[PDB]
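K.L.:
Number of protein chains: 4
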Amino acid sequence: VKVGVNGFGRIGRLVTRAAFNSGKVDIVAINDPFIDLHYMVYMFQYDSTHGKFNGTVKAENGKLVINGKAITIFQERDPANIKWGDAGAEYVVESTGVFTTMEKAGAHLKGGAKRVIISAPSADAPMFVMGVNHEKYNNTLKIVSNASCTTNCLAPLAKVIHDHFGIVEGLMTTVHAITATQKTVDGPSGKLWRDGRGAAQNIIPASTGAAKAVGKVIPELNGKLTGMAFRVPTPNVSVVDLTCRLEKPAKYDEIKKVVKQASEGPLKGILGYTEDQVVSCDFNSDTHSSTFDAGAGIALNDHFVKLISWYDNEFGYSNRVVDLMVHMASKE
Amino acid sequence: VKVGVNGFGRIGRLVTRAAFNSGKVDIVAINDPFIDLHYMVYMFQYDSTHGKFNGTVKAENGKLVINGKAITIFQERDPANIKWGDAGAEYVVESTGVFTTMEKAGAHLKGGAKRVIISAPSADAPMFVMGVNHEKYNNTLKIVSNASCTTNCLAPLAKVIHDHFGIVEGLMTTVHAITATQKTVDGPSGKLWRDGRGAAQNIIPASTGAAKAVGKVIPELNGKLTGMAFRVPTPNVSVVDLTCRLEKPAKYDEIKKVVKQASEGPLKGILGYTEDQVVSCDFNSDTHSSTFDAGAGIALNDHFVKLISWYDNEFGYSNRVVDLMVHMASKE
Amino acid sequence: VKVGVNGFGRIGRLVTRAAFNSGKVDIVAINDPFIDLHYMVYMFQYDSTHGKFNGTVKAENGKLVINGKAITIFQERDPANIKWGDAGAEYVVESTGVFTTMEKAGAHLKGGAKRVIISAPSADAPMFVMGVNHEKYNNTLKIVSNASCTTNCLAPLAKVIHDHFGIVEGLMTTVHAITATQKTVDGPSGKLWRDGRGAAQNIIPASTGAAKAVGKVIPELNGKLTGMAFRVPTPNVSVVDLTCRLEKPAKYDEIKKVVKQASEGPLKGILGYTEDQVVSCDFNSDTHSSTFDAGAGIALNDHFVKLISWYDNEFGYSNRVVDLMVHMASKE
Amino acid sequence: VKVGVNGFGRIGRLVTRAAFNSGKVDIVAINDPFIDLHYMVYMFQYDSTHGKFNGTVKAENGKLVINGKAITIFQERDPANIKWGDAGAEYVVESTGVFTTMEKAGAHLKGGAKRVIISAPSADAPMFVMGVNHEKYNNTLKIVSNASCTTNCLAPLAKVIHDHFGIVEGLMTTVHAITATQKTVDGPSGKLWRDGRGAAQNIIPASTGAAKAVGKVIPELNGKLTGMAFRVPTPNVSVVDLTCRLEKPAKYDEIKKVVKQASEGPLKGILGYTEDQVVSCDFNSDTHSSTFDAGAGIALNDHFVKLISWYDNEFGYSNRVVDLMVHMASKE
Ligand SMILES: NC(=O)c1ccc[n+]([C@@H]2O[C@H](COP(=O)([O-])OP(=O)(O)OC[C@H]3O[C@@H](n4cnc5c(N)ncnc54)[C@H](O)[C@@H]3O)[C@@H](O)[C@H]2O)c1
Ligand SMILES: NC(=O)c1ccc[n+]([C@@H]2O[C@H](COP(=O)([O-])OP(=O)(O)OC[C@H]3O[C@@H](n4cnc5c(N)ncnc54)[C@H](O)[C@@H]3O)[C@@H](O)[C@H]2O)c1
Ligand SMILES: NC(=O)c1ccc[n+]([C@@H]2O[C@H](COP(=O)([O-])OP(=O)(O)OC[C@H]3O[C@@H](n4cnc5c(N)ncnc54)[C@H](O)[C@@H]3O)[C@@H](O)[C@H]2O)c1
Ligand SMILES: NC(=O)c1ccc[n+]([C@@H]2O[C@H](COP(=O)([O-])OP(=O)(O)OC[C@H]3O[C@@H](n4cnc5c(N)ncnc54)[C@H](O)[C@@H]3O)[C@@H](O)[C@H]2O)c1
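Residue numbers (UniProt numbering), protein chains in the order written: chain A, 2 to 333; chain B, 2 to 333; chain C, 2 to 333; chain D, 2 to 333.
1. Say whether chain B places a C-beta atom closer than 9 angstroms to the C-beta of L38 of chain A.
2. Please name the residue or residues paired with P234 of chain D in a DSSP beta bridge.
3. Alpha carbons only, please: which of B:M229, B:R116, B:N139, B:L158 is nearest the one belonging to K3 of chain B?
4. Is the beta carbon of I36 of chain D within less than 8 angstroms of some heavy atom of ligand 4?
5. As a quick exercise: from D:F35, D:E315, D:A121, pick the residue whose alpha carbon is nearest that of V94 of chain D.
6. Who are the near neighbours of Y138 of chain A in its chain, counting only those whose CB is closer than 7 angstroms to its CB and skipping five residues on each side?
7. Does the Cβ of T182 of chain C lie closer than 8 angstroms to at least one heavy atom of ligand 3?
8. Check this for me: beta carbons of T102 of chain D and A126 of chain D, under 9 angstroms apart or not?
9. Round the Cβ separation of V186 of chain A and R11 of chain C to the nearest angstrom and send it over; I've been treating them as touching at under 8 angstroms.
10. Opposite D242 of chain B in the DSSP bridges: which residues?
11. Taking C-alpha atoms, which residue in B:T180, B:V161, B:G98, B:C245 lies nearest to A300 of chain B?
12. Does the segment 71 to 87 of chain C come into contact with the segment 50 to 58 of chain C, if we say contact requires no fewer than three beta-carbon pairs (one atom in each stretch) closer than 8 angstroms?
13. Using CA coordinates, which residue listed in B:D324, B:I118, B:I162, B:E61 is at the minimum distance from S264 of chain B?
14. Under 9 angstroms between C-beta atoms, does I144 of chain D make it to chain C?
15. Can you name, in chain order, every residue of its own chain whose Cβ lies under 8 angstroms from the Cβ of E170 of chain A, other than the five neighbours on each side?
16. Mind pulling the chain B residues with CB within less than 7 angstroms of residue 1 of chain D?
17. Any C-beta of chain D sitting closer than 9 angstroms to the C-beta of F305 of chain C?
18. Is there a Cβ from chain A that is less than 9 angstroms from the Cβ of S310 of chain B?
19. Cα-Cα, which of A:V259, A:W311, A:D303, A:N285 is closest to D48 of chain A?
20. Whole angstroms are fine: how far does the CA of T73 of chain C sit from the CA of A88 of chain C?
21. For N55 of chain D, go through chain B and note every residue whose CB falls closer than 7 angstroms to its CB, in chain order.
22. Three-state secondary structure (DSSP) at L142 of chain A?
23. To the nearest angstrom, report how far apart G5 of chain A and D33 of chain A are at their CA atoms.
24. Does the beta carbon of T227 of chain B come closer than 9 angstroms to any beta carbon on chain A?
25. With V176 of chain C and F100 of chain C assumed to form a contact (beta carbons below 8 angstroms), what rounded beta-carbon distance in angstroms separates them?
26. Given that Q202 of chain D touches chain C, what residues does it touch there, using C-beta distances under 7 angstroms?
27. With a threshold of 9 angstroms between beta carbons, is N285 of chain D in contact with chain B?
28. Quick check on DSSP: helix, strand or coil for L268 of chain B?
29. Would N68 of chain D be called buried (16 or more neighbouring beta carbons within 10 Å of its own) or exposed?
30. At least one CB of chain C closer than 9 angstroms to the CB of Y47 of chain B: is that the case?
31. Considering only the beta carbon of each residue, do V218 of chain C and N134 of chain C sit closer than 9 angstroms?
32. What does the Cβ neighbour count give for residue 1 of chain C, buried or exposed, with the cut at 16 atoms within 10 Å?
33. In chain order, what residues of the same chain have a beta carbon less than 6 angstroms from the beta carbon of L142 of chain B, not counting five sequence neighbours either side?
34. Cβ of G317 of chain B less than 9 angstroms from any chain C Cβ?
35. Please report the residue range of the alpha helix (DSSP H) in which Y47 of chain C lies.
36. Hey, does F35 of chain B have any beta-carbon neighbour from chain D nearer than 9 angstroms?
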């Protein structure tokens, strides 16, 4: 399937790298009115977090050429003006962070795209997490959401725990890497006051809908989870901390066994499992959605436990966007 | 009361600063074999986290002289060799991190101190937290512990919540600033592997007895709390995230009211309360043990809630060590 | 003199703090379309770098009230629309970063301001550095620049060295704290590619005209200095490293004596002098423009030397903005 | 050649990595009293800065097994007690930081090593920089030093500049990543007070002999260079900023031409050249000694110029240790 990327940012660029690394997906067009062609060569080639691109990137005849694949470059603020159909882009990855509703994301369809994958939670577009509910996708859905990074970490874990022991209720904290929405020094941040405080100086509480959204991809958990976030001074890699009450008793060793088993079978590549003494950097460019840290979590008793799972918020999620597109392509 | 300080580190220096600032106790001696007298002047005068000392500090005639008051300086590796009595030190603050059992800390009694306050949890010394169980201290107790920074944050909050609504069970995460036990780049850390990894690069999970320890100071909560820590790349100020189930139902606004009332009355100066859109730097040099962050926390329902409280791990704790000594002196 | 502030950012806010320590200057109005009145209370009260404001600040009757003084609040994007005159603002601090020419900064004169102080270098407005050429100001100048932070650090040191020994030529590096122009993670930066790279991850080279500008305020040095910058991951406080060739020979101890003398005499409060083993955080909230670090520098020979001077780029600069206005007011 | 590593730290472990890429070098023994066998598996497998080891590592029958090769593990504090000869180690890399003199490093010969390569400057052991004076090595030298990371950056550049234009005199600053000698929070650093101050909080000036040491490896530059350092809050990658006066005039474009020619021929793989808008992270795990940054430097005139060159202080250096051993082995 031929793909367009709208917003060539952290997500858009790393989706682009994921497509090339793999390849039942072919990137054929990119729109970003804030990054011109020669600037795109530079932004793609060099990455502070994930290293230099391994391959060739060059501007040739007005196109962005990556490992010899020519890509059509647009510069449009309004998605309805991008000529996706002319460029052959069938699916568009909407990774700007400003077109997340059905109405706004649907502008791509006016440019000749057939489907849109919103790289963020959406107020109304249906949400999918690979490994949890992606089989619920069907051919009639032209606009879909791949949820958030944090939902993609929590939901595969919550699926396994709920399937085996039953989650009565749970409360989640994510300790999350800084993102582009933050500020280098104390400055204005509209209505999200805390988010405007200097990113590398602070632990910053933030709200997040990611735990409540698990109740949408796992409908039995509707109303049974919520949570909040702390942003902290690292440039990538995040961690979930799920505190839950279970219906059936589970010794921590039984939790470990069921999770490990899930990592080796049905959720292989989505949900990882470790007993090693890891820290966040050990998940740098890790492609899993969620990796359970057996050593880090703790039980109070057989029904009340705190479970820890790591996620490379940029790189795992960008790989999942690609995997969702491959899955949608298989149901055409 | 006349006080000696063993280990002139973050805690020993800030305890000294606290003492001089308030006049509540008199620092008359300091022992640190790794910091000679002229170096002590420099380490006291300049502080990256808390600013330059606002007062005078000089070396004169072999003495550290702070605001014109002379302090006897020792340089002994073995605490049994420190001549407290010669200096007139009555209480010793054991702030080295290496003498935390009653057997080890009791060495200070051989050179003439009368009582010892260990600036850390102790496997066997009686544990006190100001505002929670300090009234259980009595004159028979020559060696005591002021718990950990984390315990002094969680315990006042748990006291108020338990007294009003009943904590059935709870699980705590603390997101905690870097400390001296950590490493600048990946290096050896003995038994605690994860703590050797580069501190400013990583989110580092860690075990902590701080939640379990609340049960030592609030015996009704024995067996009912536990938790863990993440170390993150900030130089000071930490936060507790307490997920708990309550016996009697409590709307989040009732929780707020009850905590606010506590902070204004019997736990004033120990337990603070805010509704402001704060971040960690807002607690830089804050003397509270625990400041409840109303806006940051979230309830799932009337019996299951996540409560957030901030603590200056260096400066709140150091002030508590001074406060505990004042209380002990009042009982002689 | 009654003052307005256009751009209530790191410098706007700190200039406002500094003005409340003077009362040769009274802040009577602030404009910032991105910070509404109640948001201003918050942004002013809490400061990650320089701590909580130690006076009073509240919103009353649509005004910002600081230490009991009511301040008119504007919300205009176009400075020609700001009604300074109505609010009584005789001088306006232009601290937005986007109105740095005489043409653009003169828009304030339309709304009734009498003079404008641009908190940055200007292509065409006369530039002044306190202690170096501020006496060349006269009361016919309606638009003036206070130069950059870096020029305020270099120029006083260069003045002393040139006066005593003669600078034949110099090349300067500044190792500079992160600023609001930088990005939390790799993102777009228009024509300044390097500045888009993640700020907390990187040492970032940058061009700067600050050394060349010293030739505007010390005309004998025109054409004799230039330099560049590295941005590094600290939130505030910067350092100049001046490599210069001297006309007359100077042993490093003669340089120290002459700089020390200048710091005690005519440039007191502007140029500081230390022999202590300082680091950047020892200059946190330091009001000097430049503090020579005697220990840090190094001579190759009597005609070729590297001199080191620290500056709190936010706080020292903001104090100079106030000091310039005080000087300007004394000429009215 | 069979090699042992004393001090399995940042350098020892990355030399070990680089050796496993060589084929002319085989690691056969490692000594580190502070890292036991099972801990060495962990410390080698995971690396915060350079990523997970791309190979296999396990403990088997008391040996460390890397890529199928068994390595004897010692736990000795005194290097004269290590049985190098028995384990087959002909050369020892001395990478502890504490045995840098001929007399101290020479202890390894008592245990049966044949040659010692000190991973640091030595007061008396002959010093080699690959590409600059390595051909001055002969089989009579049983103890050698591979200099410092900084000298390996400056010396290749200085060779090219001096060869084409003549360096009359120069002064160097290096803006250097944190290293293991620094401290996470303000703490004791006996001799070197500035180095004890919190590493992630501060720009820290430091003395360095690295520029003076270029005159050992390039004797025509003896007495013509010196400099200093600033340690800044990044975990790896550093930059040299050389300010020099040239004998023959050199337009900046001619400097660029000569450095580029050198990078392409005789110093290929040692001295790199870029015109791209690079920042420090672009050199993460870059194996060059020195990469000239053409965009970053600046000339005042044809005889006085500031040249900028990057270096991964951990990874380029570690590769140079291996390249020096390969050269030495070639002459045996
Ligand atoms: N970074 C993460 O960890 C992460 C993880 C999962 C999902 N997300 C989501 O993905 C989205 C993008 O986040 P990001 O971190 O990559 O942000 P980003 O700021 O790095 O990238 C956003 C990009 O969109 C471009 N852009 C802005 N307006 C545009 C327009 N009108 N048309 C086309 N392009 C435009 C920008 O120039 C920028 O390059 C957001 O919805 C975010 O919440 C981010
Ligand atoms: N930093 C915090 O946030 C914090 C908070 C609460 C409690 N504590 C506890 O207080 C203690 C000190 O912690 P810190 O952060 O100040 O550590 P630190 O490393 O800054 O200070 C420890 C000091 O002890 C000194 N020392 C070591 N061996 C000694 C000996 N034999 N005799 C005398 N002095 C000796 C060191 O030279 C150093 O100056 C530890 O038990 C720690 O757990 C720390
Ligand atoms: N931060 C420093 O170290 C420093 C030092 C010396 C001088 N400077 C200079 O001072 C200026 C401000 O720098 P800063 O660091 O305070 O930046 P900043 O981004 O913190 O502040 C800029 C402020 O201007 C406001 N603004 C933007 N457009 C505006 C408009 N049209 N009208 C009114 N306000 C508007 C923004 O909302 C913001 O609050 C720049 O010229 C900068 O180069 C900064
Ligand atoms: N990190 C760099 O950027 C870099 C670059 C060039 C050279 N160097 C030099 O290389 C050396 C090592 O530096 P590093 O950064 O790897 O330091 P490091 O602290 O990571 O490693 C030193 C190792 O030596 C071990 N050790 C200590 N005492 C020992 C003993 N008696 N015997 C055996 N092992 C012992 C330690 O346990 C540690 O694992 C130093 O001389 C340093 O100056 C470092």
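Where a beta carbon is used, it is the ideal one built from N, C-alpha and C, also for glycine.
P.N.:
A quick look at the data gives this:
1. By one-based count along the first sequence, residue 38 of chain A stands at place 37. Not closer than 9 angstroms to any Cβ of chain B, the Cβ of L38 of chain A fails to qualify, so no.
2. Within the fourth sequence, numbered from 1, the residue matching residue 234 of chain D stands at position 233. Answer is none; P234 of chain D lacks a bridge partner.
3. The count along the second sequence starts at 1 and reaches residue 3 of chain B at position 2. Ranking the options by Cα distance to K3 of chain B, first place goes to B:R116.
4. The count along the fourth sequence starts at 1 and reaches residue 36 of chain D at position 35. At least one heavy atom of ligand 4 sits closer than 8 angstroms to the Cβ of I36 of chain D.
5. By one-based count along the fourth sequence, residue 94 of chain D stands at place 93. Comparing Cα-Cα distances from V94 of chain D to each of D:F35, D:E315, D:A121, the minimum goes to D:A121.
6. In the first sequence, counting from the first residue as 1, residue 138 of chain A sits at position 137. If we look at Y138 of chain A and ignore the five residues flanking it on each side, its Cβ neighbours are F129, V145, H328, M329, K332.
7. Position 181 of the third sequence holds residue 182 of chain C. Inclusion of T182 of chain C in the 8 angstroms shell around ligand 3 follows from its C-beta lying nearer than that to a non-hydrogen atom of the ligand.
8. In the fourth sequence, counting from the first residue as 1, residue 102 of chain D sits at position 101. In the fourth sequence, counting from the first residue as 1, residue 126 of chain D sits at position 125. Cβ atoms of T102 of chain D and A126 of chain D: closer than 9 angstroms.
9. Position 185 of the first sequence, counting from 1, holds the residue named residue 186 of chain A. Position 10 of the third sequence, counting from 1, holds the residue named residue 11 of chain C. Rounded, the Cβ-Cβ distance is 6 angstroms, consistent with contact.
10. Locating residue 242 of chain B in the second sequence gives position 241, where the first residue counts as 1. The partner list for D242 of chain B (beta bridge, DSSP) reads B:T174, B:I309.
11. Within the second sequence, residue 300 of chain B is the residue found at index 299, counting from 1. Across the set B:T180, B:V161, B:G98, B:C245, the C-alpha of B:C245 shows the shortest separation from the C-alpha of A300 of chain B.
12. They do not touch, by the three-pair rule.
13. Counting from one through the second sequence, the residue named residue 264 of chain B turns up at place 263. It is B:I162 whose Cα lies nearest to the Cα of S264 of chain B.
14. As a first step, residue 144 of chain D is located in the fourth sequence; it is residue number 143 there, counting from the start. Judged by the 9 angstroms Cβ criterion, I144 of chain D is not in contact with chain C.
15. Residue 170 of chain A sits at position 169 when you count from the first residue of the first sequence. Once the five neighbours on either side are set aside, the close Cβ partners of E170 of chain A are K225, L226, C245, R246.
16. In the structure as shown, chain D starts at 2 and stops at 333, and residue 1 of chain D therefore has no counterpart that could be examined.
17. Against the third sequence, residue 305 of chain C aligns to sequence position 304. Residue-level contact check: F305 of chain C touches chain D, since one or more beta carbons of chain D fall below 9 angstroms from its beta carbon.
18. Against the second sequence, residue 310 of chain B aligns to sequence position 309. No - not a single Cβ of chain A is within 9 angstroms of the one on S310 of chain B.
19. What you label residue 48 of chain A is simply residue 47 of the first sequence in a count that begins at 1. Restricting attention to A:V259, A:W311, A:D303, A:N285, the CA atom closest to the CA of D48 of chain A is found in A:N285.
20. As a working note, residue 88 of chain C is residue 87 in the third sequence. As a working note, residue 73 of chain C is residue 72 in the third sequence. The C-alpha of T73 of chain C is placed about 6 angstroms away from the C-alpha of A88 of chain C.
21. For the purposes of this step, residue 55 of chain D is taken as the residue at position 54 of the fourth sequence. Chain-order list of chain B residues neighbouring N55 of chain D: empty, with the shortest C-beta distance near 17 angstroms, by a criterion of under 7 angstroms.
22. Counted from its first residue, the first sequence places residue 142 of chain A at position 141. Coil.
23. Looking up residue 5 of chain A in the first sequence gives position 4. Looking up residue 33 of chain A in the first sequence gives position 32. Going from the Cα of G5 of chain A to the Cα of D33 of chain A covers about 11 angstroms.
24. The residue labelled residue 227 of chain B in the question sits at position 226 within the second sequence. The C-beta of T227 of chain B comes closer than 9 angstroms to at least one C-beta of chain A.
25. Locating residue 176 of chain C in the third sequence gives position 175, counting from the first residue. Locating residue 100 of chain C in the third sequence gives position 99, counting from the first residue. A Cβ-Cβ separation of about 29 angstroms leaves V176 of chain C out of contact with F100 of chain C under the 8 angstroms criterion.
26. Along the fourth sequence, read from residue 1 onward, the residue named residue 202 of chain D stands at position 201. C282, listed in chain order.
27. What you label residue 285 of chain D is simply residue 284 of the fourth sequence in a count that begins at 1. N285 of chain D does not count as touching chain B.
28. Here residue 268 of chain B refers to the residue found at position 267 of the second sequence. Three-state DSSP puts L268 of chain B in coil, outside helix and strand.
29. As a first step, residue 68 of chain D is located in the fourth sequence; it is residue number 67 there, counting from the start. Exposed: under 16 other Cβ atoms inside 10 Å.
30. If you number the second sequence from 1, residue 47 of chain B lands on position 46. Yes, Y47 of chain B counts as interfacial toward chain C.
31. Position 217 of the third sequence, counted from the start, is the residue given in the question as residue 218 of chain C. Position 133 of the third sequence, counted from the start, is the residue given in the question as residue 134 of chain C. Inclusion of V218 of chain C and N134 of chain C in the CB contact set at 9 angstroms is warranted, their separation being smaller than that value.
32. Lying before the first or after the last residue shown, residue 1 of chain C is absent from chain C, which here runs from 2 to 333.
33. As a position in the second sequence, residue 142 of chain B is number 141, starting the count at 1. Beyond the five residues adjoining it in sequence on each side, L142 of chain B comes within less than 6 angstroms, by CB distance, of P127 in the same chain, given in chain order.
34. If you number the second sequence from 1, residue 317 of chain B lands on position 316. Not one chain C Cβ lies under 9 angstroms of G317 of chain B.
35. Locating residue 47 of chain C in the third sequence gives position 46, where the first residue counts as 1. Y47 of chain C -> no alpha helix (DSSP H), and no H or E assigned at all.
36. For the purposes of this step, residue 35 of chain B is taken as the residue at position 34 of the second sequence. Answer yes: the Cβ-Cβ gap between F35 of chain B and chain D drops below 9 angstroms somewhere.
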